Each structure stands twice: as C-alpha cells, then as structure tokens.
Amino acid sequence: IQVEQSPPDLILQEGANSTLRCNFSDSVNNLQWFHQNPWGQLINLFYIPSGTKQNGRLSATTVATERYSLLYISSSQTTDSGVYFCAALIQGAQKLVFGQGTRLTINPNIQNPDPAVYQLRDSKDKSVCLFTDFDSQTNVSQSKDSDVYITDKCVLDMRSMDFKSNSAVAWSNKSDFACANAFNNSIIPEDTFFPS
C-alpha cells in the first residue's frame, strides 16, 4: 500500500556521506530508487528488491524481511542535489507507486568567505542587491515585507577556475530601499562588506 521515506530533507557539505531511508508495507516489493534533478528529470538509481548494490559513489540495501531499504551516497557532490524517491510495486499488481521523496541539498565548502552586499544597476533608477561570497552556514531569510523580494541562496560554479560561491538577490520599487537594509532585514555574518 505505502512507501514511506525519511528524513524529510537532508543538507550536508560537499564531501559528507549520505544515508536516506525508505520504509514500506508488506503489500509492496520490487523496490527502486530514483533521483529527480532540479529540472524535474527522473533517472533510476537502482532496482533493489533485496541485497546491496553499488553504482560508483552510490549504494543501496534492501532488507525486505525488515521492510526497509537504505540509499547511501558517498562523498557527496553539489550535483547530487535533488529529490530522492523510492518506488515499489503493489503485490500482485504491477502498480508502481512512489514515496513522498527526500530533498537533498549538497552545499559547497567555501574555501575563502568574503561575505559582501553589492548594488547592481539596471543596464537599460533601477537596481538590485546582491549578497554573495558567504559560507554555506549562512541562511538567507525570506522578506518580512510584502513588496521587498528576497531570493533563496544558490550555488554557482565557475568551472574553469574551480570556484563555487553562494548568492542571494533582493529588489524593490520602494523609495527608501537600501541594500544596507535589504539583507539586514535578516542578519548577515560578523563581517559583511557594505561599500559606500
């Protein structure tokens, strides 16, 4: 009848080892794991009815006697981020049914934090605020104002320089809008650079 996954989410640093859990009822079998990427594409990780399997950095165990299955991700990369589902066939039926998923975020280790807030002008009166170069421990608070917008953080990889950085963006039409005030609505580290 049902597939139950857990933890509801997992956030880790580049390098950490990940374990996700799926508990299932005794009316399902033929368990499988999938990764759904941020673009919504599902790819099969394992068909895993029982035993343990390995696929590069990833592995999976199903103890069908104990009605669970475990997915292991070793040395997590930022590219492992997404949602992980287990799915199983309701017995007799070839009805393939899914759990609710576990969201996995793998954060980069920021070699050299330089947390700072910058003002960026429109290329064509209008500007935006960029909060960048912070370590992964920083959270970016939602806007506590109906018409100030604050994005969540995202990781950008400058591939050929082997460089990853976090950023969040904020903007508003308001007359009294300051980048000074956009992310101080939140709090920022002990050292955020605020030029001019």
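Counting begins at 1, following the sequence as shown.
Asker: Just how many deposited residues go unmodelled from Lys124 to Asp125: none, 1 to 3, 4 to 9, or 10 or more?
Answerer: Unmodelled stretch: 1 to 3 residues, a short break.
Asker: Between 10 to 18 and 176 to 184, which has the higher average C-alpha B-factor in the PDB entry?
Answerer: Between 10 to 18 and 176 to 184, it is 176 to 184.
Asker: Would you tell me which stretch averages the higher CA B-factor in the PDB entry, 48 to 56 or 134 to 142?
Answerer: 134 to 142 has the higher mean C-alpha B-factor.
Asker: Going by the deposited entry, which of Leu70, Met161, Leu42, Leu156 has the highest CA temperature factor?
Answerer: When the deposited C-alpha B-factors of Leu70, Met161, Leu42, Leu156 are compared, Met161 is largest.
Asker: Please rank the C-alpha B-factors of the chain's modelled residues and tell me whether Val117 sits in the lowest, middle or highest third.
Answerer: Tercile = lowest for this residue's CA B-factor.
Asker: Could you say whether, by C-alpha temperature factor, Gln91 belongs to the lowest, middle or highest third of its chain?
Answerer: Top third by C-alpha B-factor.
Asker: Taking the chain's C-alpha temperature factors as the reference, tell me which third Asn166 falls into: lowest, middle or highest.
Answerer: CA B-factor rank for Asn166: lowest third.
Asker: Comparing against every modelled residue in the chain, figure out the third that the C-alpha B-factor of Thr65 lands in (lowest, middle or highest).
Answerer: Highest third.
Asker: According to the PDB entry, is the CA B factor of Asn30 in the bottom, middle or top third of its chain, that is, lowest, middle or highest?
Answerer: Answer is middle: the recorded C-alpha B-factor places it there.
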